[PDB]
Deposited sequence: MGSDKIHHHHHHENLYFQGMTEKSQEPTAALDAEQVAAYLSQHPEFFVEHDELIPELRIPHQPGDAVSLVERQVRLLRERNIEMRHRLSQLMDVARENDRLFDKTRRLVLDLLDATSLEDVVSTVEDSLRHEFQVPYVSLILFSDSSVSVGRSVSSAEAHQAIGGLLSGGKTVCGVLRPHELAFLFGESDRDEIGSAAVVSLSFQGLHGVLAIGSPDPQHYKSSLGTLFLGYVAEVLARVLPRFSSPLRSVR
């Protein structure tokens, strides 16, 4: 009885210590990931600020999103009356999507077609899109993944809005 009590103290302490090892490990994982997202975002921001052409801006954003952030599907479409479409062509295709806020989850078939092309549409389960606007509408930036759980919430798609904020301020310089 006296030993059974202290034995139970040992079981309870072990359970607690195992539980805290799980939390510690889970916290160290998210810490490491935020360090990455932070570093990749920094390099993106500085590379965008140091861009000398519109082509270098586009290349920077696509290279980073695809190969630093490991986004399966990336679409950056700039609007121009001069890839890029007319603003009027953009509203004809996907008008009803743009209206500062990030839209995510299951987009409509015809919107996935315009952003990601006919082929890729079908392998995209979730997607997040944002308008590139700062003192004018400069285009649209979209990211997509086959996992429909990825890019369903604001949490998973938060970086997209941060990039769009900076990218939208950089596009007018060209």
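Student: Counting from 1 along the deposited sequence, what's missing?
Tutor: Gaps in the modelled chain, taken against the deposited sequence, lie at 1 to 64, 147 to 151, 169, 245 to 252.
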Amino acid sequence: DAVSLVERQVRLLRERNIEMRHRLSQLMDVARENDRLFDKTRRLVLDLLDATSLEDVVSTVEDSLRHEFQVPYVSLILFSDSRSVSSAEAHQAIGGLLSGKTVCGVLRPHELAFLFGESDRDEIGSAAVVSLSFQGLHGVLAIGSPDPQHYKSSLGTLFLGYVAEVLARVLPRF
From here on, numbers count along this sequence of modelled residues.
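Student: Averaging CA B factors per stretch from the PDB record, which one is higher: 123 to 131 or 43 to 51?
Tutor: So the stretch with the higher mean C-alpha B-factor is 123 to 131.
Student: Taking the recorded C-alpha temperature factors, which stretch has the higher mean, 108 to 116 or 141 to 149?
Tutor: Per the PDB record, 141 to 149.
Student: Within this chain, which third does the Cα B-factor at residue 97 fall in: lowest, middle or highest?
Tutor: Residue 97: CA B-factor falls in the highest third of its chain.
Student: Going by the recorded CA B-factors, say which third of the chain residue 103 sits in, lowest, middle or highest.
Tutor: Within its chain, residue 103 is a highest-third residue by C-alpha B-factor, going by the deposited values.
Student: Based on the deposited C-alpha B factors for this chain, I'd like to know if residue 71 is in the lowest, middle or highest third.
Tutor: As the PDB entry reports it, the C-alpha B-factor of residue 71 lands in the middle third of its chain.
Student: Lowest, middle or highest third: where is residue 160 by Cα B-factor in its chain?
Tutor: Within its chain, residue 160 is a middle-third residue by C-alpha B-factor, going by the deposited values.
Student: Taking the values exactly as deposited, rank residue 3 by C-alpha B-factor within its chain and report the matching third: lowest, middle or highest.
Tutor: Within its chain, residue 3 is a highest-third residue by C-alpha B-factor, going by the deposited values.
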